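Novice: My structure is below; once you've seen it, I'll send some questions.
What follows draws every value from the coordinates through simple rules; no lab data is involved. Reconstructed Cβ throughout: ideal geometry from the backbone, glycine too, with neighbour counts over all protein chains shown.
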Amino acid sequence: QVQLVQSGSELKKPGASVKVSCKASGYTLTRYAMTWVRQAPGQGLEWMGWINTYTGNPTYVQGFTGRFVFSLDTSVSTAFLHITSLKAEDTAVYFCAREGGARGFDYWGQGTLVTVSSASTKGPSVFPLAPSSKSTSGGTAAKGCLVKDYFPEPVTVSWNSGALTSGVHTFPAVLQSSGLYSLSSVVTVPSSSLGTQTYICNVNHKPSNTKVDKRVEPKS
Amino acid sequence: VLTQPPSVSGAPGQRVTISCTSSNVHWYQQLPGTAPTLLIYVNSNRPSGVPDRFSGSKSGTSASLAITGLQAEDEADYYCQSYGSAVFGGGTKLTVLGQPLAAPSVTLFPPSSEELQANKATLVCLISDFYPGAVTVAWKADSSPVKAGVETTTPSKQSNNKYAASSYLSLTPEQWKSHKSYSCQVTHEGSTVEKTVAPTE
């Protein structure tokens, strides 16, 4: 069956270079034209141009006629997008698509996130959000973990090694102006459980290779 | 390069239409966080896996995409693309006009002593269960507005199809201990909720 599969996410710093791959299968690469599309966060689809899988002579949109390069490897049956001298404005998802010629753009790659940031990889600073019954009803306390300043995404958060699920709410992370990510996860538990019951915040950050288990005690 | 309405709305069961208006069609649907998918090709036609609700229209001055009997899963972004290179139609967000308004639940957490010990401080305002997804967050130090050191998320859908948001006010322990109290003020559909904390606590 027809398929386009691209590389995984890429974290780069400004000035660096990146190679994104587009593996086509299920059809013959040389018979259809491969086009490149760009989509920055919260934006529309930018057509970048296309490569001639027949010849291999690429054609770029103006402004992409710069440090962007389209390359081809018909042996492996793969199309490559090269970006040199990366900049913050290059932070975007990049798609490869096939031109059936009446159909589109009928097939797309899943998309490749290129993230360009001056921020170095950083492990989270985890702090305990102690129980507060003010915003919670039913004789119930809300507690949590504040995950401060980590880069890049994602971060995983569980409670009591996963034994606690119901009443949990992990809020999406904010991107501050740093840049760095801050996230906060709250669990809602019975008032009587405290302080007889133990509640631990399991925070996991693969990019930093960091893990933190933080006990959340009631108060002073 | 092309032109479409930035926004369109309809209630489930209704019929919505997206307009697309010399030098220059195919239509693409895009769910959040996923790649675009071929919706219409040849201007009248759909591939296999496209419902009968979607109908494309060519008029020769312009093109149109009509969805009849709108559904919940149709809430997404829709793109128009004609040709001579490939021209893209720009973004159009389609939001289903179902469900009633929901009042936000606001929970405010003060800085922990461990953070204060670490020569840092953060006020955490967590906002849940509100619809629609429009809220404004204002921070106050002793009834005086603060905007420096504020970081707020763009609201996002929860599991129950309501919206959540979270605001953070970063501080120095000095600033924290200085004032008598800090307030997080969330405004939603002409209604306000102000949560407050104090260093004394």
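Novice: So which residues in region B:136-158 are among the polar types (S, T, N, Q) and either more than 15 Å from the chain's Cα centre (by Cα) or in a strand (DSSP E or B) (or both), if there are any at all? Steps first, answer last, please.
Specialist: Going through region B:136-158, the residues among the polar types (S, T, N, Q) turn out to be B:136, B:143-144, B:152-154, B:156, B:158.
Of everything in region B:136-158, those that are among the polar types (S, T, N, Q) and either more than 15 Å from the chain's Cα centre (by Cα) or in a strand (DSSP E or B) (or both) turn out to be B:136, B:143, B:144, B:152, B:156.
Novice: Okay, moving on. For the condition under 28 Å from the mean Cα position of the chain (by Cα) and over 13 Å from residue A:94 (Cα atoms), what is the one hit in A:54, A:27, A:60? Give the steps one after another, and end with the answer.
Specialist: On the way: A:54 fails: under 28 Å from the mean Cα position of the chain (by Cα); A:27 fails: under 28 Å from the mean Cα position of the chain (by Cα).
None of the others qualify; the one that does is A:60.
Novice: Checking residue B:94 against (1) touching a helix residue (DSSP H, G or I) at 6+ places or on another chain (Cβ under 7 Å); (2) within 11 Å of chain A (Cβ to nearest Cβ); (3) not small (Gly, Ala, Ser), which single condition isn't satisfied?
Specialist: (2)
Novice: Here's a follow-up. Pick out the one residue from A:129, A:72 that is under 30 Å from residue A:191 (Cα atoms) and part of a strand (DSSP E or B). Show your work before the answer.
Specialist: Numbers: A:72 fails: under 30 Å from residue A:191 (Cα atoms).
Only one candidate qualifies: A:129.
Novice: Ok, one more. Give me the residue from region B:76-106 that is part of a strand (DSSP E or B) and touching a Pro at 6+ places or on another chain (Cβ under 9 Å) and, out of that set, surrounded by the most Cβ atoms within 10 Å (Cβ to Cβ). Working first, answer last.
Specialist: Applying the first criterion (part of a strand (DSSP E or B)) to region B:76-106 yields B:76-82, B:87-88, B:93-96, B:102, B:105-106.
Applying the additional criterion that residues be touching a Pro at 6+ places or on another chain (Cβ under 9 Å) yields B:76-77, B:79, B:93, B:95-96, B:102.
Numbers: B:76: 18, B:77: 16, B:79: 24, B:93: 15, B:95: 14, B:96: 19, B:102: 17.
Checking each candidate, the answer is B:79.
Novice: Consider residue A:20 against the criteria (1) under 21 Å from the mean Cα position of the chain (by Cα); (2) farther than 18 Å from residue A:94 by Cβ: it satisfies all of them except one. Which criterion is unmet?
Specialist: (2)
Novice: Right, another one. So residue A:149 clears everything in (1) more than 11 Å from chain B (Cβ to nearest Cβ); (2) crowded, with 17+ Cβ neighbours inside 10 Å; (3) acidic (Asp, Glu) except one condition, right? Which one?
Specialist: For residue A:149, the failing item is (1).
Novice: Also, I was wondering about something else. Given region B:13-75, what strands (runs of 3 or more DSSP E) lie entirely inside it while holding 2 or more residues that are of a type in the set (A, V, I, L, M, F, W, C)? So that I can check it myself, show each step before the final result.
Specialist: Working: elements: B:15-20, B:26-30, B:37-40, B:54-58, B:63-68.
Fully inside region B:13-75 and qualifying: B:15-20, B:37-40, B:63-68.
Novice: Another one. When you scan region A:9-41, how many residues do you find that are under 28 Å from residue A:101 (Cα atoms) and not hydroxyl-bearing (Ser, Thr, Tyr)?
Specialist: Taking region A:9-41 first, the residues under 28 Å from residue A:101 (Cα atoms) are A:19-40.
Add one more test, that the residue is not hydroxyl-bearing (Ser, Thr, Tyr), and what stays is A:19-20, A:22-24, A:26, A:29, A:31, A:33-34, A:36-40.
The number of residues fulfilling the criteria is 15.
Novice: Report, ordered by the first and then the second residue, all pairs with beta carbons closer than 7 Å, sequence separation of six or more or different chains, a first member in region A:106-131 that is more than 30 Å from residue B:120 (Cα to Cα) and within 13 Å of another protein chain (Cβ to nearest Cβ), and a second member that is basic (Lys, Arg) and buried (at least 20 other Cβ atoms within 10 Å of the Cβ).
Specialist: Correct list of pairs: A:106/A:98; A:107/A:98.
Novice: Please determine whether any residue of region B:170-192 is β-branched (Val, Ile, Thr) and buried (at least 16 other Cβ atoms within 10 Å of the Cβ). Please lay out each step first, then the result.
Specialist: Taking region B:170-192 first, the residues β-branched (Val, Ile, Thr) are B:172, B:186-187, B:192.
Now restrict to residues that are buried (at least 16 other Cβ atoms within 10 Å of the Cβ): B:186.
Looking for residues that are β-branched (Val, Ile, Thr) and buried (at least 16 other Cβ atoms within 10 Å of the Cβ), one finds at least one in region B:170-192, hence yes.
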